[PDB]
Amino acid sequence: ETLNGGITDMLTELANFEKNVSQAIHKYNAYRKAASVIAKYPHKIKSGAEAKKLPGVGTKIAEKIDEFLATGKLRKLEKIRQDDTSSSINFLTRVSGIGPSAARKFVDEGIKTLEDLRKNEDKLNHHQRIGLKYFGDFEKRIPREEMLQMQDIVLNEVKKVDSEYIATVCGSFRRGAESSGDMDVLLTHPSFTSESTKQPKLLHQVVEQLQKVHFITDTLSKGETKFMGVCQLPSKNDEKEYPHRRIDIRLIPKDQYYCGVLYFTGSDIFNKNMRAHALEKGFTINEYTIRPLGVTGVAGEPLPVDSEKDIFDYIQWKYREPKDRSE
DNA sequence: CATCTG
DNA sequence: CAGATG
Ligand SMILES: [Cu+2]
Ligand code: NA
């Protein structure tokens with residue numbers, strides 16, 4: 001956690017590049033477990049061999065580690081840090097829709113900065129376009145004061161459309177968060193469950209309303225269940241404009257909302273912690289279900305969930321407030 | 001994973 | 001449809 005960081009840190013840079021700069025998944029994964037494992041290591045490493053004794057730590061890395069030990073750096077690293085292609089690559093990726101693959105490509109072409117992309121827009125896709133348009137907004141986090149407004153809006157319309165819908169902004173916003181990245185929002189409706197063959201309408205139906213009301217600026221992608229799109233909080237008295245924000249929608253069935261309602265809030269650290277206990281109470285969870293465990297190895301069957309409360313008591317737990325969802 | 005792209 | 005992306 002702090003006694004092996006230089007290294008847990010070096011490797012990590014290495015994995016990202018491998019994953020991004022090269023399309024080296026194999027190598028990438030390689031750094032990946034190796035770090036985290038050195039990461040779990042109780043003592044301070046002072047030799048490459050020391051680590052090599054580890055699982056994941058191969059002679060290559062080993063050597064790498066030594067360089068580090070031997071000198072405050074990694075050349076391959078300082079060499080990476082100053083290559084314009086790689087750096088162009090990593091810059092590029094910042095855009096929405098552009099990814100490693102695209103980067104490389106676009107990099108090949110000679111486009112490497114926010115500047116290039118605008119010239120070469122004809123070659124970007126909607127998402128990519130939208131992504132480049134709101135490079136800045138999308139890079140900034142929404143004040144909960146803003147969260148509170150937007151929601152107020154989601155909720156206002158999600159309702160005016162149909163009394164029966166059950167909106168709910170998930171995330172950190174929920175776990176009290178003063179800032180979020182985007183507004184993610186579970187969606188339900190009684191007439192929406194696990195059996196009931198479809199009903200795309202319910203989703204289209206909202207996405208639509210809000211667009212209609214000028215909340216929703218543009219659509220990233222829109223399916224029969226998910227919904228990725230750009231939105232906006234109406235500027236009041238012209239002098240100040242709201243950043244473009246990234247919003248996501250999702251039509252989940254009744255029979256599995258909270259599952260994903262809780263699941264999605266968090267935390268990453270909490271979910272697991274409750275997940276492990278989920279197990280100790282004769283159960284299992286996943287973003288959608290609180291099943292009972294069969295002793296032969298396994299089995300199942302979705303216990304019926306109607307509150308994030310319901311899931312608690314099942315795994316003999318104190319109903320926790322989304323806040324206390326830190327870990 | 002659910003969605004877009006070509 | 002395989003292959004990106006979020
Ligand atoms: Cu020790
Ligand atoms: Na090893």
# chains A, B, ... in the order shown; residues from 1 in each chain; ligands from 1
call {"tool": "residues_near_ligand", "arguments": {"ligand": "ligand 1", "cutoff": "8 Å", "atoms": "only C-alpha atoms (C1' of nucleotides) and all ligand atoms", "output": "JSON, numbers by chain"}}
result
{"A": [42, 43, 44]}
call {"tool": "write_last_selection", "arguments": {"atoms": "N, CA, C and O atoms", "output": "mmCIF file, in the first residue's frame"}}
result
data_model
loop_
_atom_site.group_PDB
_atom_site.id
_atom_site.type_symbol
_atom_site.label_atom_id
_atom_site.label_comp_id
_atom_site.auth_asym_id
_atom_site.auth_seq_id
_atom_site.Cartn_x
_atom_site.Cartn_y
_atom_site.Cartn_z
ATOM 1 N N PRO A 42 3.640 -8.088 1.691
ATOM 2 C CA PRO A 42 3.922 -7.547 3.008
ATOM 3 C C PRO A 42 5.301 -6.920 3.214
ATOM 4 O O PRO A 42 5.503 -6.226 4.210
ATOM 5 N N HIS A 43 6.281 -7.132 2.352
ATOM 6 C CA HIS A 43 7.512 -6.493 2.709
ATOM 7 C C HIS A 43 8.084 -5.653 1.625
ATOM 8 O O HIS A 43 7.660 -5.732 0.485
ATOM 9 N N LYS A 44 9.060 -4.832 2.008
ATOM 10 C CA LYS A 44 9.688 -3.983 1.048
ATOM 11 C C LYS A 44 10.661 -4.750 0.234
ATOM 12 O O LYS A 44 11.561 -5.330 0.832
#
call {"tool": "interface_residues", "arguments": {"of": "chain A", "to": "chain B", "cutoff": "7 Å", "atoms": "only C-alpha atoms (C1' of nucleotides)", "output": "count of residues only"}}
result
3
call {"tool": "closest_atom_pairs", "arguments": {"of": "chain A", "to": "ligand 2", "cutoff": "9 Å", "atoms": "only C-alpha atoms and all ligand atoms", "output": "CSV"}}
result
residue,atom,partner,partner_atom_place_in_ligand_line,distance
A:34,CA,ligand 2,1 (Na),7.0
A:51,CA,ligand 2,1 (Na),7.2
A:52,CA,ligand 2,1 (Na),5.1
A:53,CA,ligand 2,1 (Na),6.1
A:54,CA,ligand 2,1 (Na),4.2
A:55,CA,ligand 2,1 (Na),3.3
A:56,CA,ligand 2,1 (Na),3.1
A:57,CA,ligand 2,1 (Na),2.8
A:58,CA,ligand 2,1 (Na),4.6
A:59,CA,ligand 2,1 (Na),7.9
A:61,CA,ligand 2,1 (Na),8.7
A:62,CA,ligand 2,1 (Na),8.6
call {"tool": "write_last_selection", "arguments": {"atoms": "C-alpha atoms", "output": "tab-separated table (two decimals), in the first residue's frame"}}
result
chain	number	residue	atom	x	y	z
A	34	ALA	CA	2.37	-8.66	-11.26
A	51	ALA	CA	9.92	-10.52	-6.28
A	52	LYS	CA	10.62	-13.06	-8.91
A	53	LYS	CA	9.93	-15.46	-6.19
A	54	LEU	CA	6.48	-14.22	-6.72
A	55	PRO	CA	3.79	-15.38	-8.89
A	56	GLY	CA	3.48	-13.31	-11.97
A	57	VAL	CA	6.88	-11.89	-11.53
A	58	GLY	CA	8.94	-13.12	-14.38
A	59	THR	CA	12.48	-12.47	-15.28
A	61	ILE	CA	9.67	-7.64	-15.03
A	62	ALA	CA	12.32	-8.71	-12.50
call {"tool": "residues_around", "arguments": {"residues": "region 93-106 of chain A", "least_positions_apart": "2", "cutoff": "7 Å", "atoms": "only C-alpha atoms (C1' of nucleotides)", "output": "VMD selection string"}}
result
(chain A and resid 20 89 to 91 108 to 111 127 to 128 131 to 132 135) or (chain C and resid 5)
call {"tool": "interface_residues", "arguments": {"of": "chain C", "to": "chain A", "cutoff": "12 Å", "atoms": "only C-alpha atoms (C1' of nucleotides)", "output": "JSON list (two decimals) with N, CA, C and O atoms (P, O5', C5', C4', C3', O3' and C1' of nucleotides), in the first residue's frame"}}
result
[["chain", "number", "residue", "atom", "x", "y", "z"],
["C", 3, "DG", "P", -13.01, -9.81, -35.54],
["C", 3, "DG", "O5'", -13.17, -8.29, -35.02],
["C", 3, "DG", "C5'", -13.03, -7.15, -35.91],
["C", 3, "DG", "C4'", -13.33, -5.84, -35.21],
["C", 3, "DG", "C3'", -12.50, -5.60, -33.97],
["C", 3, "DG", "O3'", -11.72, -4.34, -34.05],
["C", 3, "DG", "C1'", -14.83, -5.40, -33.41],
["C", 4, "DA", "P", -10.92, -3.72, -32.76],
["C", 4, "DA", "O5'", -12.04, -2.79, -32.07],
["C", 4, "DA", "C5'", -11.72, -1.47, -32.04],
["C", 4, "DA", "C4'", -12.92, -0.63, -31.89],
["C", 4, "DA", "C3'", -12.93, 0.14, -30.59],
["C", 4, "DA", "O3'", -12.96, 1.48, -30.95],
["C", 4, "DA", "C1'", -15.01, -0.97, -30.99],
["C", 5, "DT", "P", -11.89, 2.42, -30.28],
["C", 5, "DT", "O5'", -12.93, 3.20, -29.34],
["C", 5, "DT", "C5'", -14.27, 3.11, -29.70],
["C", 5, "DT", "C4'", -15.14, 2.96, -28.48],
["C", 5, "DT", "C3'", -14.61, 3.23, -27.06],
["C", 5, "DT", "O3'", -15.06, 4.59, -26.71],
["C", 5, "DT", "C1'", -16.48, 1.74, -27.15],
["C", 6, "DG", "P", -14.57, 5.41, -25.43],
["C", 6, "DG", "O5'", -15.90, 5.77, -24.60],
["C", 6, "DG", "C5'", -17.13, 5.71, -25.29],
["C", 6, "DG", "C4'", -18.32, 5.42, -24.38],
["C", 6, "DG", "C3'", -18.09, 5.76, -22.95],
["C", 6, "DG", "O3'", -19.39, 5.94, -22.40],
["C", 6, "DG", "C1'", -18.51, 3.49, -23.06]]
call {"tool": "select_by_dssp", "arguments": {"residues": "region 4-232 of chain A", "states": "alpha helix (DSSP H)", "output": "ChimeraX atom specification"}}
result
/A:5-20,25-40,48-52,59-70,75-80,84-93,100-109,114-119,126-133,144-161,201-212
call {"tool": "atom_distance", "arguments": {"atom1": "CA of residue 310 (chain A)", "atom2": "CA of residue 289 (chain A)"}}
result
11.7 Å
call {"tool": "residues_around", "arguments": {"residues": "residue 301 (chain A)", "least_positions_apart": "4", "cutoff": "12 Å", "atoms": "only C-alpha atoms (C1' of nucleotides)", "output": "list in words"}}
result
residues 282, 283, 284, 285, 288, 289, 290, 291, 292, 293, 294 and 305 of chain A
call {"tool": "write_last_selection", "arguments": {"atoms": "N, CA and C atoms", "output": "JSON list (two decimals), in the first residue's frame"}}
result
[["chain", "number", "residue", "atom", "x", "y", "z"],
["A", 282, "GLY", "N", -25.86, -17.82, 3.30],
["A", 282, "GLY", "CA", -26.42, -18.83, 2.41],
["A", 282, "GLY", "C", -26.94, -18.20, 1.12],
["A", 283, "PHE", "N", -26.27, -17.09, 0.67],
["A", 283, "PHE", "CA", -26.62, -16.32, -0.54],
["A", 283, "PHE", "C", -25.50, -15.80, -1.44],
["A", 284, "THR", "N", -25.98, -15.30, -2.60],
["A", 284, "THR", "CA", -25.19, -14.71, -3.67],
["A", 284, "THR", "C", -25.94, -13.58, -4.33],
["A", 285, "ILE", "N", -25.14, -12.59, -4.66],
["A", 285, "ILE", "CA", -25.58, -11.40, -5.33],
["A", 285, "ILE", "C", -24.69, -11.12, -6.48],
["A", 288, "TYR", "N", -27.92, -8.12, -10.31],
["A", 288, "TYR", "CA", -29.36, -8.43, -10.46],
["A", 288, "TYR", "C", -30.00, -9.41, -9.46],
["A", 289, "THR", "N", -29.28, -10.25, -8.70],
["A", 289, "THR", "CA", -30.05, -11.15, -7.83],
["A", 289, "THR", "C", -29.47, -11.61, -6.46],
["A", 290, "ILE", "N", -30.39, -11.85, -5.51],
["A", 290, "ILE", "CA", -30.10, -12.32, -4.16],
["A", 290, "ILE", "C", -30.65, -13.72, -3.98],
["A", 291, "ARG", "N", -29.88, -14.68, -4.50],
["A", 291, "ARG", "CA", -30.22, -16.08, -4.46],
["A", 291, "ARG", "C", -29.66, -16.79, -3.24],
["A", 292, "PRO", "N", -30.23, -17.97, -3.02],
["A", 292, "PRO", "CA", -29.90, -18.87, -1.93],
["A", 292, "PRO", "C", -28.87, -19.88, -2.42],
["A", 293, "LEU", "N", -27.84, -20.19, -1.62],
["A", 293, "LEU", "CA", -26.83, -21.15, -2.08],
["A", 293, "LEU", "C", -27.06, -22.63, -1.74],
["A", 294, "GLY", "N", -26.88, -23.48, -2.77],
["A", 294, "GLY", "CA", -27.03, -24.92, -2.71],
["A", 294, "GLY", "C", -25.68, -25.55, -2.35],
["A", 305, "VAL", "N", -36.96, -9.58, -4.05],
["A", 305, "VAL", "CA", -36.54, -8.27, -3.55],
["A", 305, "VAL", "C", -37.43, -7.07, -3.90]]
call {"tool": "select_by_dssp", "arguments": {"residues": "region 121-272 of chain A", "states": "strand (DSSP E)", "output": "ChimeraX atom specification"}}
result
/A:142-143,179-180,183-187,216-222,226-231,245-251
call {"tool": "write_last_selection", "arguments": {"atoms": "N, CA, C and O atoms", "output": "mmCIF file, in the first residue's frame"}}
result
data_model
loop_
_atom_site.group_PDB
_atom_site.id
_atom_site.type_symbol
_atom_site.label_atom_id
_atom_site.label_comp_id
_atom_site.auth_asym_id
_atom_site.auth_seq_id
_atom_site.Cartn_x
_atom_site.Cartn_y
_atom_site.Cartn_z
ATOM 1 N N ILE A 142 -19.759 17.314 -12.285
ATOM 2 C CA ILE A 142 -21.034 17.914 -11.937
ATOM 3 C C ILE A 142 -21.232 18.133 -10.417
ATOM 4 O O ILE A 142 -21.242 17.173 -9.611
ATOM 5 N N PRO A 143 -21.405 19.397 -10.024
ATOM 6 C CA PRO A 143 -21.617 19.698 -8.638
ATOM 7 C C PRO A 143 -22.959 19.104 -8.219
ATOM 8 O O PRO A 143 -23.952 19.154 -8.971
ATOM 9 N N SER A 179 -19.918 15.341 -5.838
ATOM 10 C CA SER A 179 -19.613 15.409 -7.271
ATOM 11 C C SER A 179 -19.687 14.057 -7.990
ATOM 12 O O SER A 179 -19.297 12.997 -7.478
ATOM 13 N N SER A 180 -20.195 14.084 -9.214
ATOM 14 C CA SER A 180 -20.293 12.860 -9.976
ATOM 15 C C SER A 180 -19.684 13.144 -11.327
ATOM 16 O O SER A 180 -19.325 14.290 -11.589
ATOM 17 N N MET A 183 -24.661 11.537 -14.949
ATOM 18 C CA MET A 183 -25.881 11.234 -14.271
ATOM 19 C C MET A 183 -26.310 9.908 -14.850
ATOM 20 O O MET A 183 -26.651 9.854 -16.043
ATOM 21 N N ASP A 184 -26.257 8.852 -14.029
ATOM 22 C CA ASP A 184 -26.645 7.487 -14.417
ATOM 23 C C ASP A 184 -28.035 7.344 -13.803
ATOM 24 O O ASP A 184 -28.192 7.840 -12.699
ATOM 25 N N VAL A 185 -29.050 6.724 -14.455
ATOM 26 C CA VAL A 185 -30.430 6.652 -13.843
ATOM 27 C C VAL A 185 -31.286 5.368 -14.005
ATOM 28 O O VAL A 185 -31.944 5.274 -15.028
ATOM 29 N N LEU A 186 -31.354 4.396 -13.034
ATOM 30 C CA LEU A 186 -32.201 3.180 -13.231
ATOM 31 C C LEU A 186 -33.639 3.519 -13.567
ATOM 32 O O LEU A 186 -34.197 4.491 -13.065
ATOM 33 N N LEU A 187 -34.255 2.696 -14.405
ATOM 34 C CA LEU A 187 -35.645 2.937 -14.776
ATOM 35 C C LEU A 187 -36.536 1.696 -14.653
ATOM 36 O O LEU A 187 -36.151 0.590 -15.040
ATOM 37 N N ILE A 216 -32.172 16.915 -22.738
ATOM 38 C CA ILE A 216 -31.400 16.051 -23.581
ATOM 39 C C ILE A 216 -30.929 16.755 -24.835
ATOM 40 O O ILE A 216 -31.725 17.000 -25.702
ATOM 41 N N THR A 217 -29.624 17.085 -24.927
ATOM 42 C CA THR A 217 -29.040 17.794 -26.087
ATOM 43 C C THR A 217 -28.857 16.975 -27.338
ATOM 44 O O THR A 217 -29.206 17.409 -28.436
ATOM 45 N N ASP A 218 -28.293 15.791 -27.180
ATOM 46 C CA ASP A 218 -28.036 14.922 -28.305
ATOM 47 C C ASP A 218 -28.015 13.484 -27.825
ATOM 48 O O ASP A 218 -27.817 13.286 -26.634
ATOM 49 N N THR A 219 -28.235 12.477 -28.709
ATOM 50 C CA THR A 219 -28.222 11.023 -28.288
ATOM 51 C C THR A 219 -26.893 10.327 -28.586
ATOM 52 O O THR A 219 -26.451 10.331 -29.707
ATOM 53 N N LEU A 220 -26.239 9.715 -27.628
ATOM 54 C CA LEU A 220 -24.987 9.060 -27.976
ATOM 55 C C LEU A 220 -25.214 7.809 -28.786
ATOM 56 O O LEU A 220 -24.549 7.605 -29.810
ATOM 57 N N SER A 221 -26.182 7.011 -28.265
ATOM 58 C CA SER A 221 -26.697 5.717 -28.729
ATOM 59 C C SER A 221 -28.024 5.399 -28.015
ATOM 60 O O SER A 221 -28.287 5.779 -26.890
ATOM 61 N N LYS A 222 -28.912 4.700 -28.609
ATOM 62 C CA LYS A 222 -30.105 4.473 -27.846
ATOM 63 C C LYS A 222 -30.645 3.112 -28.193
ATOM 64 O O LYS A 222 -30.896 2.825 -29.370
ATOM 65 N N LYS A 226 -30.592 0.250 -22.791
ATOM 66 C CA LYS A 226 -29.677 1.278 -22.359
ATOM 67 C C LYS A 226 -29.986 2.515 -23.168
ATOM 68 O O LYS A 226 -30.789 2.425 -24.067
ATOM 69 N N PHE A 227 -29.335 3.632 -22.821
ATOM 70 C CA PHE A 227 -29.465 4.934 -23.445
ATOM 71 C C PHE A 227 -28.312 5.796 -23.049
ATOM 72 O O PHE A 227 -28.190 6.172 -21.889
ATOM 73 N N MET A 228 -27.461 6.116 -24.012
ATOM 74 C CA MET A 228 -26.325 6.974 -23.770
ATOM 75 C C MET A 228 -26.633 8.259 -24.483
ATOM 76 O O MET A 228 -27.024 8.228 -25.648
ATOM 77 N N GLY A 229 -26.527 9.404 -23.791
ATOM 78 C CA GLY A 229 -26.846 10.654 -24.455
ATOM 79 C C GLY A 229 -26.285 11.806 -23.708
ATOM 80 O O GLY A 229 -25.912 11.621 -22.565
ATOM 81 N N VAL A 230 -26.228 12.969 -24.392
ATOM 82 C CA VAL A 230 -25.742 14.250 -23.871
ATOM 83 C C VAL A 230 -26.944 15.080 -23.464
ATOM 84 O O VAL A 230 -27.953 15.016 -24.150
ATOM 85 N N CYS A 231 -26.850 15.859 -22.369
ATOM 86 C CA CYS A 231 -27.978 16.702 -21.889
ATOM 87 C C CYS A 231 -27.546 18.092 -21.420
ATOM 88 O O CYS A 231 -26.378 18.498 -21.532
ATOM 89 N N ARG A 245 -23.544 17.708 -20.091
ATOM 90 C CA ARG A 245 -23.242 16.621 -19.241
ATOM 91 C C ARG A 245 -23.543 15.271 -19.839
ATOM 92 O O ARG A 245 -24.362 15.152 -20.764
ATOM 93 N N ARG A 246 -22.862 14.258 -19.339
ATOM 94 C CA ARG A 246 -23.092 12.957 -19.858
ATOM 95 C C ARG A 246 -24.107 12.254 -19.040
ATOM 96 O O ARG A 246 -23.918 12.101 -17.831
ATOM 97 N N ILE A 247 -25.199 11.835 -19.702
ATOM 98 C CA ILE A 247 -26.305 11.122 -19.046
ATOM 99 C C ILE A 247 -26.559 9.750 -19.665
ATOM 100 O O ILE A 247 -26.430 9.518 -20.892
ATOM 101 N N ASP A 248 -26.919 8.836 -18.786
ATOM 102 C CA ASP A 248 -27.205 7.499 -19.203
ATOM 103 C C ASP A 248 -28.469 7.075 -18.583
ATOM 104 O O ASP A 248 -28.691 7.391 -17.446
ATOM 105 N N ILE A 249 -29.271 6.373 -19.352
ATOM 106 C CA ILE A 249 -30.567 5.858 -18.928
ATOM 107 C C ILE A 249 -30.517 4.280 -18.934
ATOM 108 O O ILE A 249 -29.476 3.717 -19.299
ATOM 109 N N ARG A 250 -31.573 3.553 -18.521
ATOM 110 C CA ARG A 250 -31.610 2.072 -18.522
ATOM 111 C C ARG A 250 -32.911 1.464 -18.068
ATOM 112 O O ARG A 250 -33.280 1.645 -16.929
ATOM 113 N N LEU A 251 -33.618 0.754 -18.945
ATOM 114 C CA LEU A 251 -34.880 0.184 -18.504
ATOM 115 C C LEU A 251 -34.813 -1.213 -17.893
ATOM 116 O O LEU A 251 -34.983 -2.172 -18.613
#
call {"tool": "residues_around", "arguments": {"residues": "residue 35 (chain A)", "least_positions_apart": "6", "cutoff": "9 Å", "atoms": "only C-alpha atoms (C1' of nucleotides)", "output": "NGL selection string"}}
result
:A and (7-12 or 56-57)
call {"tool": "decode", "arguments": {"residues": "region 106-118 of chain A", "atoms": "C-alpha atoms", "output": "mmCIF file, in the first residue's frame"}}
result
data_model
loop_
_atom_site.group_PDB
_atom_site.id
_atom_site.type_symbol
_atom_site.label_atom_id
_atom_site.label_comp_id
_atom_site.auth_asym_id
_atom_site.auth_seq_id
_atom_site.Cartn_x
_atom_site.Cartn_y
_atom_site.Cartn_z
ATOM 1 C CA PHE A 106 -5.900 8.685 -36.237
ATOM 2 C CA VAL A 107 -2.364 8.940 -35.091
ATOM 3 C CA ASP A 108 -1.281 7.209 -38.200
ATOM 4 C CA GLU A 109 -3.104 9.613 -40.292
ATOM 5 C CA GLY A 110 -1.292 12.571 -38.545
ATOM 6 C CA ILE A 111 -4.186 13.856 -36.374
ATOM 7 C CA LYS A 112 -2.836 13.976 -32.714
ATOM 8 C CA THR A 113 -4.270 17.042 -30.954
ATOM 9 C CA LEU A 114 -7.707 18.597 -30.231
ATOM 10 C CA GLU A 115 -6.703 20.782 -33.132
ATOM 11 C CA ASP A 116 -6.339 18.029 -35.664
ATOM 12 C CA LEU A 117 -9.661 16.371 -34.851
ATOM 13 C CA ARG A 118 -11.611 19.549 -35.638
#
